[PDB]
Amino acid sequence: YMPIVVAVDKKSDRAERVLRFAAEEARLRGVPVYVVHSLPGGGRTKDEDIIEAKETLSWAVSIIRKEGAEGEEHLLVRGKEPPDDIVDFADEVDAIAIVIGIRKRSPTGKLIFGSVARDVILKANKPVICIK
């Protein structure tokens, strides 16, 4: 099956909304959700970083299942930056779509993407679903 890939940074109200939408897509299409979080994996990647990531993924998959979809955790430590990691993973598993959270920001004489969201949306070779 071609999964829904959902990228989560941390546990947050936004992440929950992202996961709920991803679960709905998966339920409708009859495919599992692969929940991903990316770390580089060098000397800079600390114990607590990995702890938090594992907790986030465990929580995320529980949300997917509660919303009536099948979910799997995929921690990625592949020596890549997160956007490239997410995009490459999505291609590797032949994802139907990537689901990501975006910060809802009002304009301040300028209106900008976070570097991670920007690069996921633009570099992906799959549909990208952006949730606030």
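Numbers for residues come from their place in the sequence shown, where the first is 1.
Student: Decide which of the stretches 77 to 85 and 31 to 39 has the higher mean C-alpha B-factor, going by the entry.
Tutor: Here the higher of the two C-alpha B-factor means belongs to 77 to 85.
Student: Higher mean Cα B-factor in the deposited model: 20 to 28 or 106 to 114?
Tutor: According to the PDB entry, the answer is 106 to 114.
Student: Maximum C-alpha temperature factor per the entry, among 47, 94, 70, 67, belongs to which one?
Tutor: It is 47.
Student: By its CA B factor, does residue 2 count among the lowest, middle or highest third of the modelled residues in the chain?
Tutor: As the PDB entry reports it, the C-alpha B-factor of residue 2 lands in the highest third of its chain.
Student: Quick check on the deposited entry: does the C-alpha B-factor of residue 57 sit in the lowest, middle or highest third of its chain?
Tutor: Middle third, going by the recorded CA B-factors of the chain.
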